[PDB]
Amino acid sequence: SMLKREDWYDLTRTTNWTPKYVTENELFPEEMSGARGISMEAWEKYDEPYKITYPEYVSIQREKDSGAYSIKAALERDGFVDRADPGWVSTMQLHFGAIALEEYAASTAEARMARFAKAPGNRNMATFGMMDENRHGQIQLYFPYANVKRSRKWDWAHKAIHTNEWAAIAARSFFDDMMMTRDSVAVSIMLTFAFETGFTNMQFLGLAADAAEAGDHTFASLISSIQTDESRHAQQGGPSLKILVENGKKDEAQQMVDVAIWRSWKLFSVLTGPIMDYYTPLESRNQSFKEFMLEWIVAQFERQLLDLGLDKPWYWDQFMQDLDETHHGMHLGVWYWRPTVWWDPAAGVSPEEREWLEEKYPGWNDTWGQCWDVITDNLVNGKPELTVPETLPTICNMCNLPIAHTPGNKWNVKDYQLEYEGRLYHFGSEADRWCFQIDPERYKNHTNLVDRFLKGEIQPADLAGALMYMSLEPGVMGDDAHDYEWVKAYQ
């Protein structure tokens, strides 16, 4: 017979001991551990909500891949990707390039806790999380690999994060800040709690649904499977936060959550928002990006923050408001600067789509609809040349994204500048500038693409030069997803 798991589980995490041949601080350096004065004994109260043992893991994860890889091989020669909507295809290329290697990097972020966490239970769970991200990085390379002969863009699934293309810089800015350069406790909070439990756990659920709605079962199976692993290791932040509040560190806990959530939000506003409000066909849009955020992200954050004795971030209302603008600014930026990304941005501003947008965002056409009016007329009158840039947009020195906002009638674009130690910084929001000020030593000498351009680090110092600097060439350089098909509807 076998023992019941509950009868022996505790022993698997009864691994802390009192160092003697080296000191505790030597064994667990604060910069990597982040125990923050809390005793080892106190960190031992850490108790993971989702437990799992080695044997259960290898068995269950074996079947998950058996299924995912079996689905992929069964539909392989079906070549769905060839008849899929360009908005969808673009959605996948953006997804893989932006995330494949960050998934792999997350295994190191997990390894950080697995090694330096004073909480024994956190160390084992992080070992499994490490294994999960290893899977995620690998499976999200194996799948897109199937399309490399279709377009060079699929090569960015692997190449993207190795380039200085602006979106790649933005991604690395986020990820490195949240998980690669933080102590163990900080990672469990900013990454597993704030980003995974807070955003991706649900996003992936919605992504898997859209893939299914798009007819891409291979991709839907992929995302669903990955999501089940995330739902498991994302739990690590909860207990860390309780322990910090439970002691004398509620402020530190609060500050990390505030930073983490805002940064996750910014990245989210450029990578997900545009997709559901413009790339997914109108008939396949369940809800708007704003609705999705409220019904599946904001209510949960408040829920969670309450159970932990934490407060809503000071920027919560602004955040609530920004759900009506930000992602529209990000989409317009990406589309207008489409040759600077590796996927084909879908305009999504046809008559049918334009009213859907006014319906979901009253006041859209009065503001955003304006910029799009000009762009549309130019295309109708044979002036494409005016729908692509001849300069670089101002980049935020925190989220490394373009500083944009409400245009047209209700114009309200602003720049929260800041001069620090003889240099001028630009921020796309109050929160972005705050993130910097509360911890300037962490971002001080970093330079965004524009800073580098202004410093002469991009040569030749012109558009063509900026493109080579970002490793972009015709073939991968983005253009309108539906090849301006949506223009015919305007005479």
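Numbering starts at 1 and follows the sequence shown. Each form is matched to the other, and the largest set of C-alpha atoms that superpose within 1.5 Å is called the rigid core.
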request  = Determine, for 227-235 and 328-336, which one has C-alphas that on average lie farther from this form in 4 other deposited structures of this protein; superpose on the rigid core first.
outcome  = 227-235
query = 421-429 versus 461-469: which one carries the higher mean Cα B factor per the record?
reply = 421-429
task = Going by the average Cα B-factor in the PDB entry, point out whether 375-383 or 215-223 comes out higher.
result = 375-383
message = Among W364, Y104, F96, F116, where is the Cα B factor highest in this entry?
response = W364
message = If I read the C-alpha B-factors straight from the PDB entry, which of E355, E165, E196, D132 is highest?
response = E355
task = Going by the recorded CA B-factors, say which third of the chain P281 sits in, lowest, middle or highest.
result = highest
query = With respect to C-alpha B-factor, does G237 fall in the lowest, middle or highest third of the chain as deposited?
reply = middle
query = Within this chain, which third does the Cα B-factor at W335 fall in: lowest, middle or highest?
reply = middle
remark   = On the chain's distribution of Cα B-factors, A404 falls within the third called highest
ask   = What third of the chain, by the recorded C-alpha B-factor, contains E56?
value = lowest
